[PDB]
>>> print(open('final-v5.txt').read())   # compact mmCIF, C-alpha atoms and all ligand atoms
# COMPACT_ATOMS: atom_id res chain seq x y z
CA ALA A 2 -76.61 -4.36 160.43
CA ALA A 3 -73.10 -2.84 160.72
CA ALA A 4 -72.57 -4.71 157.47
CA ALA A 5 -72.85 -1.10 156.26
CA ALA A 6 -69.70 1.09 156.42
CA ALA A 7 -68.29 4.02 154.42
CA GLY A 8 -64.54 4.63 154.17
CA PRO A 9 -63.84 6.04 157.90
CA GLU A 10 -60.20 6.94 157.32
CA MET A 11 -60.75 9.11 160.42
CA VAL A 12 -63.61 10.33 162.67
CA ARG A 13 -66.63 7.99 162.40
CA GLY A 14 -66.47 7.04 158.72
CA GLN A 15 -66.50 3.37 159.56
CA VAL A 16 -69.90 2.03 160.51
CA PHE A 17 -72.78 3.71 158.77
CA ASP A 18 -75.69 1.30 158.78
CA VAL A 19 -79.03 2.96 158.09
CA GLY A 20 -81.16 -0.14 157.71
CA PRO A 21 -83.13 -1.22 154.63
CA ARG A 22 -84.34 2.27 153.68
CA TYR A 23 -81.08 3.85 152.53
CA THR A 24 -79.12 2.12 149.75
CA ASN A 25 -76.56 3.64 147.36
CA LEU A 26 -74.14 5.50 149.65
CA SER A 27 -71.28 8.00 149.09
CA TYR A 28 -69.35 10.16 151.57
CA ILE A 29 -69.77 13.94 151.32
CA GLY A 30 -67.03 15.36 153.54
CA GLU A 31 -67.21 15.17 157.32
CA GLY A 32 -65.73 16.50 160.55
CA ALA A 33 -64.56 15.36 163.99
CA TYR A 34 -68.24 15.32 165.07
CA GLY A 35 -70.17 13.41 162.45
CA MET A 36 -69.73 12.06 158.96
CA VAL A 37 -71.85 13.11 155.96
CA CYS A 38 -72.94 11.05 152.94
CA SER A 39 -75.64 11.00 150.29
CA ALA A 40 -77.66 7.82 150.12
CA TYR A 41 -80.54 6.39 148.20
CA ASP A 42 -83.86 6.71 149.94
CA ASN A 43 -85.62 3.74 148.38
CA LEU A 44 -88.98 4.37 150.03
CA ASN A 45 -89.04 7.76 148.31
CA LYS A 46 -86.60 6.60 145.68
CA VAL A 47 -84.86 9.96 146.01
CA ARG A 48 -81.33 10.83 147.15
CA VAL A 49 -80.91 12.38 150.60
CA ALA A 50 -78.16 13.54 152.94
CA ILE A 51 -77.47 11.70 156.22
CA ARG A 52 -75.36 13.11 159.00
CA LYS A 53 -73.89 10.64 161.52
CA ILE A 54 -73.95 12.20 165.00
CA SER A 55 -71.98 10.82 167.97
CA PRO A 56 -72.71 13.35 170.80
CA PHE A 57 -73.23 11.50 174.11
CA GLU A 58 -69.52 11.76 175.03
CA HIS A 59 -69.50 15.56 174.91
CA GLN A 60 -72.35 17.30 176.75
CA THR A 61 -71.95 20.44 174.61
CA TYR A 62 -72.53 18.42 171.45
CA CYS A 63 -75.41 16.74 173.28
CA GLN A 64 -77.02 20.12 174.05
CA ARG A 65 -76.39 21.50 170.56
CA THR A 66 -77.86 18.24 169.19
CA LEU A 67 -81.02 18.11 171.31
CA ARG A 68 -81.52 21.82 170.70
CA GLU A 69 -81.29 21.52 166.92
CA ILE A 70 -83.59 18.48 166.84
CA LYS A 71 -86.43 20.15 168.77
CA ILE A 72 -86.39 23.33 166.68
CA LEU A 73 -85.95 21.69 163.29
CA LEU A 74 -88.81 19.34 164.19
CA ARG A 75 -91.10 22.25 165.14
CA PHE A 76 -90.35 24.38 162.09
CA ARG A 77 -91.98 23.91 158.71
CA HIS A 78 -90.75 26.27 156.02
CA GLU A 79 -89.51 26.09 152.40
CA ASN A 80 -86.39 28.08 153.30
CA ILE A 81 -85.37 26.20 156.46
CA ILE A 82 -83.87 22.71 156.09
CA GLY A 83 -85.92 19.91 157.58
CA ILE A 84 -85.24 16.52 159.17
CA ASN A 85 -86.88 13.79 157.10
CA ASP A 86 -85.63 10.91 159.23
CA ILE A 87 -83.73 10.04 162.38
CA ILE A 88 -82.04 6.67 162.72
CA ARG A 89 -80.97 5.30 166.13
CA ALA A 90 -80.71 2.09 168.18
CA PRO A 91 -83.98 0.60 169.57
CA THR A 92 -82.87 1.20 173.14
CA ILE A 93 -80.97 3.77 175.16
CA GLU A 94 -78.37 1.16 176.12
CA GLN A 95 -77.52 0.46 172.48
CA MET A 96 -77.68 4.08 171.31
CA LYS A 97 -74.16 5.44 170.68
CA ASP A 98 -74.83 7.61 167.62
CA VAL A 99 -77.73 9.12 165.73
CA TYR A 100 -78.33 9.62 162.01
CA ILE A 101 -80.26 12.69 160.92
CA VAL A 102 -81.72 12.44 157.43
CA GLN A 103 -82.31 15.62 155.48
CA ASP A 104 -82.86 16.74 151.92
CA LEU A 105 -79.84 16.53 149.65
CA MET A 106 -78.60 19.98 148.60
CA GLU A 107 -75.95 20.21 145.88
CA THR A 108 -73.99 23.13 147.37
CA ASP A 109 -74.04 26.08 149.82
CA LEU A 110 -73.33 29.84 149.52
CA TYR A 111 -69.82 29.36 150.85
CA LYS A 112 -68.60 27.14 148.01
CA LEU A 113 -70.58 29.01 145.36
CA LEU A 114 -69.04 32.36 146.28
CA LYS A 115 -65.57 30.75 146.09
CA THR A 116 -66.11 30.10 142.39
CA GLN A 117 -69.16 31.85 140.92
CA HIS A 118 -70.00 35.51 140.49
CA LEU A 119 -73.67 36.11 141.32
CA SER A 120 -75.83 38.25 139.05
CA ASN A 121 -77.89 41.00 140.63
CA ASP A 122 -81.03 38.93 140.06
CA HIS A 123 -79.36 35.94 141.72
CA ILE A 124 -78.34 38.16 144.60
CA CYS A 125 -81.85 39.56 145.01
CA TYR A 126 -83.48 36.12 144.94
CA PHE A 127 -80.99 34.62 147.41
CA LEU A 128 -81.43 37.61 149.74
CA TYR A 129 -85.19 37.35 149.34
CA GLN A 130 -85.22 33.69 150.44
CA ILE A 131 -82.90 34.29 153.43
CA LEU A 132 -85.15 37.04 154.80
CA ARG A 133 -88.28 35.00 154.06
CA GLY A 134 -86.92 32.05 156.02
CA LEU A 135 -85.58 34.41 158.70
CA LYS A 136 -88.94 36.16 159.15
CA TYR A 137 -90.43 32.75 160.06
CA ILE A 138 -87.63 31.94 162.59
CA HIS A 139 -87.89 35.33 164.32
CA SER A 140 -91.74 34.98 164.44
CA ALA A 141 -91.30 31.90 166.63
CA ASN A 142 -89.04 33.99 168.87
CA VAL A 143 -85.92 32.15 167.86
CA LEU A 144 -82.54 33.60 166.86
CA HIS A 145 -80.30 31.56 164.61
CA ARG A 146 -77.12 33.28 165.89
CA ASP A 147 -74.71 31.74 163.36
CA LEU A 148 -75.81 32.71 159.82
CA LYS A 149 -72.99 32.72 157.27
CA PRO A 150 -72.64 31.55 153.62
CA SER A 151 -71.86 27.95 154.65
CA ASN A 152 -75.12 27.74 156.65
CA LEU A 153 -77.11 28.51 153.51
CA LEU A 154 -77.75 25.48 151.25
CA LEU A 155 -78.58 25.69 147.58
CA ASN A 156 -79.83 23.16 145.06
CA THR A 157 -79.50 23.48 141.24
CA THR A 158 -82.67 25.55 140.85
CA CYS A 159 -81.34 28.17 143.23
CA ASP A 160 -83.66 27.17 146.08
CA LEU A 161 -82.13 28.32 149.38
CA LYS A 162 -82.43 26.66 152.78
CA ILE A 163 -81.11 27.83 156.15
CA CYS A 164 -79.49 25.08 158.25
CA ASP A 165 -77.47 24.65 161.46
CA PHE A 166 -79.53 25.64 164.53
CA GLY A 167 -76.96 24.30 167.01
CA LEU A 168 -76.46 27.83 168.39
CA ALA A 169 -80.07 28.98 168.07
CA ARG A 170 -81.70 30.39 171.22
CA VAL A 171 -85.02 31.87 172.24
CA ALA A 172 -84.96 35.68 172.22
CA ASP A 173 -84.16 37.29 175.63
CA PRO A 174 -83.73 41.10 175.55
CA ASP A 175 -83.96 41.42 179.33
CA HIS A 176 -80.82 39.28 179.71
CA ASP A 177 -78.76 40.45 176.77
CA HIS A 178 -76.37 42.96 178.42
CA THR A 179 -72.95 41.98 179.64
CA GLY A 180 -69.44 43.36 180.07
CA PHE A 181 -66.83 44.45 177.54
CA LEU A 182 -64.98 41.83 175.49
CA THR A 183 -67.23 38.92 176.46
CA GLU A 184 -66.38 35.50 174.99
CA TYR A 185 -68.67 34.52 172.12
CA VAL A 186 -69.08 31.27 170.17
CA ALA A 187 -70.69 32.34 166.86
CA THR A 188 -68.51 32.89 163.77
CA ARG A 189 -66.30 35.95 164.21
CA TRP A 190 -66.71 37.55 160.79
CA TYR A 191 -70.52 37.75 161.01
CA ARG A 192 -70.60 38.88 164.65
CA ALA A 193 -72.50 42.10 165.43
CA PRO A 194 -70.48 45.04 166.82
CA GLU A 195 -72.41 44.99 170.11
CA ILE A 196 -71.25 41.45 170.79
CA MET A 197 -67.64 42.58 171.51
CA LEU A 198 -69.04 45.42 173.67
CA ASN A 199 -72.08 44.64 175.81
CA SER A 200 -74.39 42.10 174.21
CA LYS A 201 -74.91 38.41 174.83
CA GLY A 202 -76.66 38.06 171.47
CA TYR A 203 -80.20 37.46 172.78
CA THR A 204 -81.69 39.86 170.26
CA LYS A 205 -83.05 39.47 166.75
CA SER A 206 -80.97 42.40 165.44
CA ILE A 207 -78.01 40.09 165.87
CA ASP A 208 -79.23 38.01 162.91
CA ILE A 209 -79.91 41.05 160.72
CA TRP A 210 -76.29 42.20 161.00
CA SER A 211 -75.17 38.74 159.83
CA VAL A 212 -77.49 38.84 156.85
CA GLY A 213 -76.03 42.28 156.20
CA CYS A 214 -72.55 40.73 156.12
CA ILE A 215 -73.80 38.02 153.73
CA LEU A 216 -75.26 40.60 151.26
CA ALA A 217 -71.90 42.41 151.07
CA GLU A 218 -70.06 39.15 150.52
CA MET A 219 -72.49 38.33 147.71
CA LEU A 220 -71.84 41.75 146.15
CA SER A 221 -68.07 41.29 146.13
CA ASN A 222 -67.39 37.59 146.72
CA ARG A 223 -65.29 38.74 149.69
CA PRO A 224 -66.00 38.77 153.45
CA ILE A 225 -66.44 42.48 154.35
CA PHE A 226 -65.24 42.33 158.04
CA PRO A 227 -62.59 39.58 158.41
CA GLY A 228 -61.10 40.30 161.84
CA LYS A 229 -58.23 37.91 162.65
CA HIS A 230 -59.28 38.13 166.27
CA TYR A 231 -61.94 39.47 168.66
CA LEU A 232 -61.06 43.19 168.77
CA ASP A 233 -59.59 43.20 165.26
CA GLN A 234 -63.07 42.25 164.11
CA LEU A 235 -64.44 45.40 165.77
CA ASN A 236 -61.80 47.64 164.24
CA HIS A 237 -62.69 46.26 160.76
CA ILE A 238 -66.25 47.39 161.31
CA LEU A 239 -65.35 50.88 162.57
CA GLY A 240 -63.04 51.31 159.61
CA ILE A 241 -65.85 51.06 157.05
CA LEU A 242 -68.63 52.32 159.30
CA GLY A 243 -66.41 55.00 160.80
CA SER A 244 -66.58 56.43 164.30
CA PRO A 245 -69.96 56.10 166.10
CA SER A 246 -71.94 59.19 167.01
CA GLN A 247 -72.48 60.54 170.49
CA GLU A 248 -76.12 59.45 170.49
CA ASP A 249 -74.88 55.94 169.73
CA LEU A 250 -72.13 56.12 172.30
CA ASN A 251 -74.78 57.39 174.72
CA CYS A 252 -76.49 54.01 174.45
CA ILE A 253 -73.48 52.22 175.89
CA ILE A 254 -73.85 52.53 179.64
CA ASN A 255 -71.04 49.95 179.82
CA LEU A 256 -68.07 52.10 180.94
CA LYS A 257 -65.26 49.80 179.85
CA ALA A 258 -66.91 49.43 176.44
CA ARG A 259 -67.57 53.15 176.08
CA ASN A 260 -64.13 54.32 177.22
CA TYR A 261 -62.40 52.01 174.74
CA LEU A 262 -64.47 53.50 171.92
CA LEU A 263 -63.52 57.05 173.00
CA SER A 264 -59.84 56.09 173.15
CA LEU A 265 -59.94 55.40 169.41
CA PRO A 266 -58.89 57.94 166.77
CA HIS A 267 -61.73 59.32 164.65
CA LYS A 268 -62.72 57.46 161.49
CA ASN A 269 -64.97 58.66 158.72
CA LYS A 270 -67.55 56.46 157.06
CA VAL A 271 -66.53 54.83 153.79
CA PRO A 272 -69.56 55.10 151.47
CA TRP A 273 -70.80 51.74 150.12
CA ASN A 274 -70.64 52.91 146.48
CA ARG A 275 -66.89 53.39 146.82
CA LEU A 276 -66.81 49.83 148.12
CA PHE A 277 -69.18 48.30 145.56
CA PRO A 278 -68.96 50.45 142.39
CA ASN A 279 -71.11 48.16 140.26
CA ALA A 280 -73.76 47.36 142.85
CA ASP A 281 -77.41 48.22 142.40
CA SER A 282 -78.10 51.41 144.34
CA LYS A 283 -81.15 49.82 146.01
CA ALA A 284 -79.14 46.86 147.29
CA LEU A 285 -76.67 49.28 148.87
CA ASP A 286 -79.42 51.22 150.65
CA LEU A 287 -80.66 48.02 152.24
CA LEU A 288 -77.08 46.95 152.95
CA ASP A 289 -76.78 50.25 154.77
CA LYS A 290 -79.83 49.72 157.02
CA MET A 291 -78.74 46.20 158.01
CA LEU A 292 -75.14 47.11 158.81
CA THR A 293 -76.22 49.75 161.30
CA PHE A 294 -73.86 50.11 164.31
CA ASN A 295 -76.74 50.86 166.72
CA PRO A 296 -78.80 47.67 167.25
CA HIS A 297 -81.84 49.73 168.12
CA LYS A 298 -81.65 51.58 164.82
CA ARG A 299 -80.87 48.45 162.75
CA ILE A 300 -83.63 47.46 160.27
CA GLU A 301 -86.16 44.68 161.13
CA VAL A 302 -86.69 41.54 159.03
CA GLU A 303 -90.16 42.54 157.95
CA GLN A 304 -88.81 45.97 157.06
CA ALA A 305 -86.04 44.39 155.04
CA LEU A 306 -88.56 42.35 153.12
CA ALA A 307 -90.66 45.42 152.26
CA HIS A 308 -87.57 47.26 150.99
CA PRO A 309 -87.68 48.42 147.26
CA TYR A 310 -84.71 46.25 146.38
CA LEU A 311 -86.97 43.23 146.91
CA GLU A 312 -90.29 44.54 145.50
CA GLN A 313 -90.22 41.94 142.73
CA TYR A 314 -90.62 39.18 145.35
CA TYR A 315 -92.19 40.90 148.35
CA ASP A 316 -95.56 39.33 149.10
CA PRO A 317 -96.70 39.28 152.79
CA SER A 318 -99.32 36.52 152.40
CA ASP A 319 -96.65 34.26 150.86
CA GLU A 320 -94.23 34.86 153.68
CA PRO A 321 -95.53 32.65 156.53
CA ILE A 322 -95.11 33.06 160.24
CA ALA A 323 -94.82 30.46 163.03
CA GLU A 324 -98.11 29.19 164.44
CA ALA A 325 -96.91 29.40 168.04
CA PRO A 326 -93.72 30.86 169.62
CA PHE A 327 -90.95 28.44 170.55
CA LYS A 328 -89.73 27.57 174.06
CA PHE A 329 -87.48 24.96 175.71
CA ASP A 330 -86.30 24.86 179.34
CA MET A 331 -82.68 23.84 179.97
CA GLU A 332 -80.92 26.63 178.07
CA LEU A 333 -77.90 26.40 180.37
CA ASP A 334 -74.16 25.90 180.08
CA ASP A 335 -75.08 22.66 181.82
CA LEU A 336 -77.44 19.67 182.04
CA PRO A 337 -76.04 16.18 182.70
CA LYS A 338 -75.15 14.46 179.43
CA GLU A 339 -76.94 11.58 181.17
CA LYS A 340 -80.26 13.43 181.16
CA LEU A 341 -79.75 14.80 177.65
CA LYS A 342 -79.14 11.37 176.12
CA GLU A 343 -82.40 10.02 177.47
CA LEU A 344 -83.97 13.25 176.24
CA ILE A 345 -82.50 12.88 172.74
CA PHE A 346 -83.75 9.28 172.71
CA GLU A 347 -87.25 10.48 173.56
CA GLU A 348 -87.20 13.32 170.97
CA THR A 349 -86.29 10.79 168.27
CA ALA A 350 -88.89 8.12 169.17
CA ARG A 351 -91.45 9.33 166.61
CA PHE A 352 -89.12 8.01 163.90
CA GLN A 353 -89.00 4.45 165.26
CA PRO A 354 -91.00 1.73 163.38
CA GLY A 355 -92.82 0.98 166.60
CA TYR A 356 -95.57 2.68 164.60
CA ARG A 357 -95.25 0.33 161.63
CA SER A 358 -94.07 -2.89 163.28
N1 LIG A 401 -78.62 18.43 153.26
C1 LIG A 401 -77.35 18.54 152.81
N2 LIG A 401 -76.94 18.73 151.41
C2 LIG A 401 -75.61 18.52 150.87
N3 LIG A 401 -74.55 18.30 151.64
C3 LIG A 401 -74.93 18.79 152.84
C4 LIG A 401 -76.12 18.42 153.51
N4 LIG A 401 -75.95 18.40 154.93
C5 LIG A 401 -74.68 19.86 154.96
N5 LIG A 401 -74.29 19.97 153.41
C6 LIG A 401 -72.86 20.16 153.08
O1 LIG A 401 -72.00 18.88 153.68
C7 LIG A 401 -70.90 19.59 154.62
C8 LIG A 401 -70.75 18.91 156.14
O2 LIG A 401 -71.92 18.76 157.16
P1 LIG A 401 -72.37 20.16 158.32
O3 LIG A 401 -73.44 21.12 157.76
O4 LIG A 401 -72.67 19.52 159.69
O5 LIG A 401 -70.89 20.94 158.32
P2 LIG A 401 -70.25 22.09 157.29
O6 LIG A 401 -71.29 22.96 156.69
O7 LIG A 401 -69.20 21.49 156.45
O8 LIG A 401 -69.45 22.88 158.34
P3 LIG A 401 -69.81 23.14 159.93
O9 LIG A 401 -68.80 22.36 160.73
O10 LIG A 401 -69.74 24.65 160.04
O11 LIG A 401 -71.18 22.65 160.05
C9 LIG A 401 -70.95 21.16 154.19
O12 LIG A 401 -70.24 21.16 152.99
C10 LIG A 401 -72.34 21.42 153.86
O13 LIG A 401 -72.66 22.58 153.16
MG MG A 402 -73.14 24.22 159.33
>>> encode(input="final-v5.txt", output="structure tokens")
Amino acid sequence: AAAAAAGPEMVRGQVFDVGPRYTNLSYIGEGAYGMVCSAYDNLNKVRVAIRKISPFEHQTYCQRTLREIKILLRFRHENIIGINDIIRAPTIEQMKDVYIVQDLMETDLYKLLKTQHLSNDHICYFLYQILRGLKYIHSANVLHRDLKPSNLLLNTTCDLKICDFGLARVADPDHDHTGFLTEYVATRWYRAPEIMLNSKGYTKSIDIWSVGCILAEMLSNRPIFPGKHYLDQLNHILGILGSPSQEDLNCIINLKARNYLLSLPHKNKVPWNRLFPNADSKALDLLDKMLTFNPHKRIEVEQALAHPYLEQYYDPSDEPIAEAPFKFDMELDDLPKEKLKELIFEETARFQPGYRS
């Protein structure tokens, strides 16, 4: 009833009406895209998180929005955040924003790592849950493409949930190759080496590298490859990984990519134990297999789960897989934000009280 607002001060922190169902409100940070706040879900009498989304003005937010709604609505896993509610106007004409309701999670890996020091058992359990959730995503043929500590939510019992599927895509190996130094949108620091060389990021091994980066950050509380820019990122990787072999260079048919790599002075590998002196030797072995320069040699999710470091948790029949692979036609740098809006409206209909009143 609009008679519901929450200290805008900037962005869209003004109006924030979510009907009769969500009482007690409190802002939880925001952004120039949507505002976040906890609220009291009376029907369930529990506290949830509501994100205000205002995408119809920007077709890239509209595509990221529709995309995330369809996937998050199809997935059902303990380690992947889920949409519990979606609040919007009754008609397309009146729909300006959307409110996605999800479980309330106290913190995320990003903030935790900024203050806490994880124990090896905490590290193993967090890694276990990431891979468990990731095995489900990859089984549906979807790639997250933007995994990083801030995309991993934690509650007080150390339950982890993957969120943010705005950059997710269906796997496409046949259309992954591209030129050298191709623009990319995912977070620089967790970007696979092949992205700056000849990959579009349409492969599952792209996610494994990111999880590899996350493990290292957990082991030291510091990002392991913080390039300040595109190529700097790549030189951070080669500095620890050292110069790639011939066999690996032989896999780069891309001439511009290959010649740049050959133009570089030789660098020896820096052993992980010199980098993480108090790390569990098993964790470092796995860290090694994930942060493998060659995407074809990089370890698979299922393989990561069955690794000795995780034997305390590994249990195949307790690590579910998608019922049917995902798919959604439109995956293009374009689709009229006129068509998307009426598509978002339709995707969100199941949450309207038309089936209650
Ligand atoms: N279910 C939720 N639990 C608690 N707060 C939330 C919930 N929704 C995201 N978090 C936290 O609220 C914040 C803002 O919302 P969102 O996830 O869209 O952006 P973000 O994680 O801050 O950054 P980004 O712009 O990369 O998404 C982050 O601190 C995030 O970890
Ligand atoms: Mg996020």
>>> closest_residue(input="final-v5.txt", among="A:119, A:50, A:138, A:81", to="residue 107 (chain A)", atoms="all atoms listed in the file")
A:50
>>> residues_near_ligand(input="final-v5.txt", ligand="ligand LIG 401 (chain A)", cutoff="6 Å", atoms="only C-alpha atoms and all ligand atoms", output="PDB file with C-alpha atoms, keeping the file's coordinate frame")
ATOM      1  CA  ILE A  29     -69.770  13.940 151.320  1.00  0.00           C
ATOM      2  CA  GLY A  30     -67.030  15.360 153.540  1.00  0.00           C
ATOM      3  CA  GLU A  31     -67.210  15.170 157.320  1.00  0.00           C
ATOM      4  CA  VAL A  37     -71.850  13.110 155.960  1.00  0.00           C
ATOM      5  CA  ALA A  50     -78.160  13.540 152.940  1.00  0.00           C
ATOM      6  CA  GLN A 103     -82.310  15.620 155.480  1.00  0.00           C
ATOM      7  CA  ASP A 104     -82.860  16.740 151.920  1.00  0.00           C
ATOM      8  CA  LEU A 105     -79.840  16.530 149.650  1.00  0.00           C
ATOM      9  CA  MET A 106     -78.600  19.980 148.600  1.00  0.00           C
ATOM     10  CA  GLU A 107     -75.950  20.210 145.880  1.00  0.00           C
ATOM     11  CA  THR A 108     -73.990  23.130 147.370  1.00  0.00           C
ATOM     12  CA  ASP A 109     -74.040  26.080 149.820  1.00  0.00           C
ATOM     13  CA  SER A 151     -71.860  27.950 154.650  1.00  0.00           C
TER      14      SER A 151
END
>>> residues_near_ligand(input="final-v5.txt", ligand="ligand MG 402 (chain A)", cutoff="7 Å", atoms="all atoms listed in the file", output="list in words")
residues 151, 152, 164 and 165 of chain A
>>> residues_around(input="final-v5.txt", residues="region 261-275 of chain A", least_positions_apart="3", cutoff="8 Å", atoms="all atoms listed in the file", output="VMD selection string")
chain A and resid 239 to 244 257 to 258 278 to 280 282 285 289
>>> atom_distance(input="final-v5.txt", atom1="CA of residue 40 (chain A)", atom2="CA of residue 66 (chain A)")
21.7 Å
>>> residues_near_point(input="final-v5.txt", point="(-87.3, 36.6, 154.4)", cutoff="8 Å", atoms="only C-alpha atoms", output="PDB file with C-alpha atoms, in the frame of the given file")
ATOM      1  CA  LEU A 128     -81.430  37.610 149.740  1.00  0.00           C
ATOM      2  CA  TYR A 129     -85.190  37.350 149.340  1.00  0.00           C
ATOM      3  CA  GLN A 130     -85.220  33.690 150.440  1.00  0.00           C
ATOM      4  CA  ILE A 131     -82.900  34.290 153.430  1.00  0.00           C
ATOM      5  CA  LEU A 132     -85.150  37.040 154.800  1.00  0.00           C
ATOM      6  CA  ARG A 133     -88.280  35.000 154.060  1.00  0.00           C
ATOM      7  CA  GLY A 134     -86.920  32.050 156.020  1.00  0.00           C
ATOM      8  CA  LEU A 135     -85.580  34.410 158.700  1.00  0.00           C
ATOM      9  CA  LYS A 136     -88.940  36.160 159.150  1.00  0.00           C
ATOM     10  CA  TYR A 137     -90.430  32.750 160.060  1.00  0.00           C
ATOM     11  CA  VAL A 302     -86.690  41.540 159.030  1.00  0.00           C
ATOM     12  CA  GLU A 303     -90.160  42.540 157.950  1.00  0.00           C
ATOM     13  CA  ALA A 305     -86.040  44.390 155.040  1.00  0.00           C
ATOM     14  CA  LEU A 306     -88.560  42.350 153.120  1.00  0.00           C
ATOM     15  CA  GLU A 320     -94.230  34.860 153.680  1.00  0.00           C
TER      16      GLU A 320
END
>>> residues_around(input="final-v5.txt", residues="residue 191 (chain A)", least_positions_apart="3", cutoff="10 Å", atoms="all atoms listed in the file", output="ChimeraX atom specification")
/A:146-150,187-188,194,207-215,224-228,234
>>> atom_distance(input="final-v5.txt", atom1="CA of residue 336 (chain A)", atom2="CA of residue 64 (chain A)")
8.0 Å
>>> residues_around(input="final-v5.txt", residues="residue 309 (chain A)", least_positions_apart="6", cutoff="9 Å", atoms="only C-alpha atoms", output="number ranges by chain")
A: 283-284, 287, 315
>>> atom_distance(input="final-v5.txt", atom1="CA of residue 337 (chain A)", atom2="CA of residue 200 (chain A)")
27.3 Å
>>> closest_residue(input="final-v5.txt", among="A:69, A:10, A:18, A:335", to="residue 348 (chain A)", atoms="only C-alpha atoms")
A:69
>>> closest_residue(input="final-v5.txt", among="A:6, A:253, A:322, A:36", to="residue 76 (chain A)", atoms="all atoms listed in the file")
A:322
